[PDB]
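Peer 1: this one's a deposited entry, sequence included:
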Amino acid sequence: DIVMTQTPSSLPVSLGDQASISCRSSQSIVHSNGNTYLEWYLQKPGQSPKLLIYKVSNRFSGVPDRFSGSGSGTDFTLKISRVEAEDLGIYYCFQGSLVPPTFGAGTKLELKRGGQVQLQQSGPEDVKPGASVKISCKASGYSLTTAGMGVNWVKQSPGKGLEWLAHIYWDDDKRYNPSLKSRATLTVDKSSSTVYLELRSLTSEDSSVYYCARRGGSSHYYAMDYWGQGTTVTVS
């Protein structure tokens, strides 16, 4: 099992400053075919994460020239040349090359003090311990069955960071994270283009925000280029 290590935990900066974040893997992240799948995501304070960099070197569309991938092998570094007010948030590094894809611990960029594809998620669910939940993600602006498309489910707990939960593929290949102890079930409604995640036995540990994200094409190297706004699940 693979562990991403994000070196700076904090790294406060001032506007217009060089910024560098590092990520290091417990094993070589590379794939049987010619490829390291490593991504950099930005999460601004009140919002879902968003894709910055994929295939370790590549800027996703809309991402300004400030950002650069600059990694190889077991060691990768994201760099911002000139920091702007927009660039403030928590940065996560992500490996997609192995079976339980793992996120980095995060790095929070904060100011120094002084001197049309869309994914829609169902509403919040409050439930009692032992109960079950079914949350939905409705994709529009594209087709779930298009080659290369997939849907990842990722969970964010307070303080526990980002954790990968499950995946469904355009051929309806469904894979889960053994951490869930087979309590998860993915299903699909093709005509409504809606993917359903079901959690079977709930404890307070399962209380988190649940995001669904689209693994992009083979063009984006299966980086998650579009995210839902999240669904808050709360266990009494």
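Peer 2: The structure has been received and is ready for your questions. Numbering: from 1, shown residues only.
Peer 1: for residue 224, see how far away the closest residue in space to residue 183 that isn't next to it in sequence is.
Peer 2: The shortest distance from residue 183 to any residue other than its chain neighbours is 4.2 Å, reached at residue 200 (CB to CB, 6 or more residues apart in numbering). Yep, even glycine has a C-beta here, placed from its N, CA and C like the rest. Distance of residue 200 to residue 224, given as CB to CB, to the nearest Å: 25 Å.
Peer 1: same drill for these two, tell me which one is more crowded.
Peer 2: Shown here are residue 200 and residue 224; by other CB atoms under 10 Å, residue 224 has more neighbours (25 against 14).
Peer 1: contact partners for that one?
Peer 2: 39, 41, 49, 51, 152, 154, 213, 214, 215, 216 (CB atoms under 8 Å, 6 or more residues apart in numbering).
Peer 1: residue 189 now?
Peer 2: The neighbours of residue 189, taking CB under 8 Å, 6+ apart as the test, are 195, 196.
Peer 1: repeat for residue 226
Peer 2: Contacts for residue 226 (CB under 8 Å, 6+ apart) come out as 117, 118, 119, 213, 214, 216.
Peer 1: which of those residues count as buried?
Peer 2: Taking 16 or more other CB atoms under 10 Å as the criterion, what is buried in the contacts of residue 226 is 119, 213, 214, 216.
Peer 1: in a markdown table: the residues you listed, plus distance to residue 67 and secondary structure.
Peer 2: Below are those laid out as a markdown table (distance: CB to CB, whole Å; DSSP: H, G, I helix; E, B strand; the rest coil):
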| residue | distance to residue 67 | secondary structure |
| --- | --- | --- |
| 119 | 23 | strand |
| 213 | 19 | strand |
| 214 | 21 | strand |
| 216 | 17 | coil |
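Peer 1: before we move on, the earlier item: closest to residue 9 out of the contacts of residue 226?
Peer 2: Set against residue 9, the nearest of the contacts of residue 226 by CB to CB is residue 213 (24.3 Å).
Peer 1: now that closest one, which residues is it bridged with?
Peer 2: Beta-bridge pairing for residue 213 (DSSP bridges): residue 152, residue 227.
Peer 1: that one against residue 154, yeah?
Peer 2: Yes. In terms of CB atoms under 8 Å, residue 213 counts as a neighbour of residue 154; the distance is 6.2 Å.
Peer 1: re the thing from before, in CSV, list the contacts of residue 224 along with distance to residue 75.
Peer 2: Shown next, in CSV, are the contacts of residue 224 (distance: CB to CB, whole Å):
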residue, distance to residue 75
39, 15
41, 19
49, 23
51, 21
152, 25
154, 24
213, 25
214, 28
215, 25
216, 25
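Peer 1: so which of these comes closest to residue 143?
Peer 2: Nearest to residue 143, judged by CB to CB, of the contacts of residue 224 is residue 214 at 11.3 Å.
Peer 1: which residue packs closest to that closest one, ignoring adjacent ones?
Peer 2: Using CB to CB, 6+ apart and skipping the chain neighbours, the partner closest in space to residue 214 is residue 226 (4.5 Å).
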